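Report on one structure; see the data block that follows.
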Amino acid sequence: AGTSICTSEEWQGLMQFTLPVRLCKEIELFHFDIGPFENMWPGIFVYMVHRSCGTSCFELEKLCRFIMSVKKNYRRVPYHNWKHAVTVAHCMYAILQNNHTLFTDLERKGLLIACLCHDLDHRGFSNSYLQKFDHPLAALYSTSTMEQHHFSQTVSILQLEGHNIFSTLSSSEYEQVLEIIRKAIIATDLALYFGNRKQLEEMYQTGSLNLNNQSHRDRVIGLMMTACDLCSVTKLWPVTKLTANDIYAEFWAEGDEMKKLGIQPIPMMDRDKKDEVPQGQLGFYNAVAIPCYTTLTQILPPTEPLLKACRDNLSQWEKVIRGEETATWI
Ligand SMILES: O=c1nc[nH]c2ccccc12
Ligand code: NI
Ligand code: NI
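Residue numbers (the authors' numbering): 446 to 775.
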């Protein structure tokens, strides 16, 4: 109930944070894993905003309040949590740095913020669950249920006293950035990804794709959002595998709830069906991850390292299926 707000100690502490020098080099790379640096995550976000958008893009005090209140409105769920938000924001930073001038200043600031905010107040339940069991959110938001909630949460935090990082935009640019953010967060609905990628593939292959066309820009940004949301599949294998344990911890808890309501969950959400996980992962990479990064690489060639890493992880799941897996820690 209500929107959580950071403390004075929290945001003032962020303001004084300085990123260790060695990490400045590492943060630029697609495969960077934020995992080992938890105390530094808010600072890493400030650093990325400052590098992409400039140190004077946002008033520093409002930006630090905003970041620390965003962290406070992520729940302690296994996967859709603060760590995931910062991971997704980092992937976007890397895509933006490698493609910088294709995107306006307004788009870069909008997209980094959209990524940090894109799963705000996630409860560890899927759209499927909310709609199957008629949660009040599914009544309010008929499609893209949680994603409409995450956008609503973003706006609530911006409306907190001293948190509106966008207030200094002209009235026109302010409207435009909120629309960039809305569209980007909605695009993180994987249901919408399938159609979007298919459209982009056709536009690309026929040569009609045109980034001066707003609807085309919106779709390309959409695919960037999917690519950043899924980027656990682009890390080194041990990182990908550990993250998969977290994703499934969520899935299994939802499936347990469905059993209580008399419905057998899909095998993916069934903790009694863990043997099906490797084939499930193969299916996800073949149907979602590989096509995403394939199309993204066609449109934005500098993103190729994401595709290469995804392909490497696909091969790892294939090794699991063939029984070739080696020692793992969790
Ligand atoms: O939804 C997912 N299902 C399987 N693997 C994933 C990996 C990363 C993000 C989402 C997923
Ligand atoms: Ni989401
Ligand atoms: Ni997400």
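Cβ coordinates follow ideal geometry from the N, Cα and C atoms, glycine included.
Please report the Cβ distance between residue i and residue j, rounded to the nearest whole angstrom; I am assuming they are in contact, meaning their Cβ atoms lie under 8 Å.
| i | j | result |
| --- | --- | --- |
| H661 | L668 | Not confirmed; about 11 Å, so no contact. |
| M703 | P710 | 4 Å |
| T740 | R642 | 5 Å |
| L508 | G488 | Rounded, the Cβ-Cβ distance is 12 Å, inconsistent with contact. |
| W774 | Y730 | Not a contact, Cβ separation roughly 23 Å. |
| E473 | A539 | 7 Å |
| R756 | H608 | About 41 Å; that fails the 8 Å criterion. |
| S587 | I631 | With a Cβ gap of about 13 Å, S587 and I631 do not count as contacting. |
| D550 | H594 | The pair is not a contact, with the Cβ atoms about 28 Å apart (cut-off 8 Å). |
Among the candidates the options, whose CA atom is the shortest distance from the CA of residue i?
| i | options | result |
| --- | --- | --- |
| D478 | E504, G728, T685 | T685 |
| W697 | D715, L656, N572, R521 | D715 |
| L547 | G728, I450, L635, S497 | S497 |
| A732 | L706, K507, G640 | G640 |
| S760 | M513, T742, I775, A734 | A734 |
| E483 | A584, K516, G499, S616 | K516 |
| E770 | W682, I558, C737, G652 | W682 |
| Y574 | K705, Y738, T773 | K705 |
| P723 | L603, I766, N657 | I766 |
| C502 | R553, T452, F475 | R553 |
| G499 | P523, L557, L468 | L557 |
| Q461 | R467, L582, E506, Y619 | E506 |
| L561 | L585, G707, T532 | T532 |
How many Å lie between residue i and residue j at the Cα?
| i | j | result |
| --- | --- | --- |
| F490 | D564 | 16 Å |
| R521 | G447 | 16 Å |
| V678 | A672 | 9 Å |
| residue 443 | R627 | In the structure as shown, the chain starts at 446 and stops at 775, and residue 443 therefore has no counterpart that could be examined. |
| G700 | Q598 | 26 Å |
| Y638 | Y693 | 21 Å |
| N518 | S601 | 11 Å |
| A530 | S514 | 13 Å |
| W486 | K528 | 8 Å |
| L675 | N526 | 14 Å |
| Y649 | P746 | 13 Å |
| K764 | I625 | 40 Å |
| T633 | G480 | 22 Å |
| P523 | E695 | 6 Å |
| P465 | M493 | 14 Å |
| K470 | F578 | 47 Å |
| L656 | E618 | 19 Å |
| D717 | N690 | 15 Å |
| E749 | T463 | 31 Å |
| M670 | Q457 | 30 Å |
| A584 | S571 | 15 Å |
| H476 | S453 | 34 Å |
| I450 | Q604 | 11 Å |
Alpha helix (DSSP H) segments (min. 4 residues) lying fully within the stretch 501 to 570:
Segments of the alpha helix (DSSP H) lying fully in the stretch 501 to 570: 505 to 517, 527 to 543, 550 to 562.
Which full runs of the alpha helix (DSSP H) of 4+ residues lie inside the stretch 620 to 659, going along the chain?
Fully enclosed alpha helix (DSSP H) runs of 4 or longer: 635 to 651.
Counting only runs that start and end within the stretch 722 to 762, where is the alpha helix (DSSP H) found for 4 or more residues in a row?
Residue ranges of uninterrupted alpha helix (DSSP H) with 4 or more members, entirely inside the stretch 722 to 762 and ordered along the chain, are 722 to 729, 735 to 744.
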